[PDB]
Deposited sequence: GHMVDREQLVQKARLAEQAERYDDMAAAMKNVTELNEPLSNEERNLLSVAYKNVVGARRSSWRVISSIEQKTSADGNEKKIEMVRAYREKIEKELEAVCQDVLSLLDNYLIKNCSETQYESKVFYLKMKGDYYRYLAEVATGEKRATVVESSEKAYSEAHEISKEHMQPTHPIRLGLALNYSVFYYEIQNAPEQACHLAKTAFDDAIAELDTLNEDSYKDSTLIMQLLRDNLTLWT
């Protein structure tokens, strides 16, 4: 099928709420080894976000039930299901990260700052999703990797992008969240979110709906954290 047919299949799967198929179609488009358009980038991001979000929500449900429940066989089954879904989610994240390192980040030119920040934010996001379910010695690495991606995406977006750009704002939001939840460092989380929010407010006249949606998310997080 032609590339346009694959994009149409991704949109079809999104209409049918079959996000596995949407992610697979966008993965084929990525594997064509050509740079992705704005809409194609957004389709890939949304598809894999929904795919991994189903698994994250299932994992949270079962992990909560696991701690909420003297029966050893019941607990054994609950843990088996918990790590079955753990492995499913980790496989989704590994797929996304290998797509990012082999095709998307690689094909970015030295000056494709916007899409490079996009893909590095995706890298930080999926390493953070790995860190959410990682325990013990294996956690420290994935955490590190996420911090390595976000921070890089930070330095680029702070230097080459407007403060009210939705990609810079979204990266700031997810970076703040990574500092709050994964690092238990609320000081830098609040400082990051507040600096991004204030820098976007200071240039609000140069806008738009996605930008202000992300800004409202930033303020909601800041209100939750204080």
Original post:
How would you write out the unmodelled ranges of the deposited sequence, numbered from 1?
Top reply: 1 to 3, 73 to 75, 214 to 217
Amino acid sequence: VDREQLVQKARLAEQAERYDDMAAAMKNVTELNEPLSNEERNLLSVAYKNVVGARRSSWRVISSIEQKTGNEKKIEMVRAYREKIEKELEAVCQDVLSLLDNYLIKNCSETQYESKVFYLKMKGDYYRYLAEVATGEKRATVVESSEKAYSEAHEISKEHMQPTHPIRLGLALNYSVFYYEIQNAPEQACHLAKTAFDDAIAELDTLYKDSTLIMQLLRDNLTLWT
From here on, numbers count along this sequence of modelled residues.
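If you superpose the two forms and keep the largest set of C-alpha atoms that fall within 1.5 Å, you have the rigid core.
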Subject >> Stretch farther from the shown model on average in 8 other deposited structures of this protein, with CA RMS computed after core superposition (143 to 151, 106 to 114) >> reply: 106 to 114
**OP:** Name the stretch that deviates more in 8 other deposited structures of this protein: 197 to 205, or 157 to 165? Use RMS CA distance to the shown form, core superposed.
**Re:** 197 to 205
Original post:
In a third or more of the other entries compared, is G70 missing its coordinates?
Top reply: yes
**OP:** Read off the CA B-factors in the entry, average them over 49 to 57 and over 26 to 34, and name the higher stretch.
**Re:** 26 to 34
Subject >> Greater mean Cα temperature factor according to the PDB record, 170 to 178 or 187 to 195 >> reply: 187 to 195
Subject >> Third of chain Cα B-factors occupied by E114 >> reply: middle
Original post:
How does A16 rank on Cα B-factor within its chain, lowest, middle or highest third?
Top reply: lowest
Subject >> CA B-factor placement of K73, once the chain's modelled residues are sorted into thirds >> reply: highest
Original post:
If you rank the chain by CA B-factor, which third does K138 end up in: lowest, middle or highest?
Top reply: highest
Original post:
Thinking about Cα B factors across the chain, which third does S157 belong to?
Top reply: middle
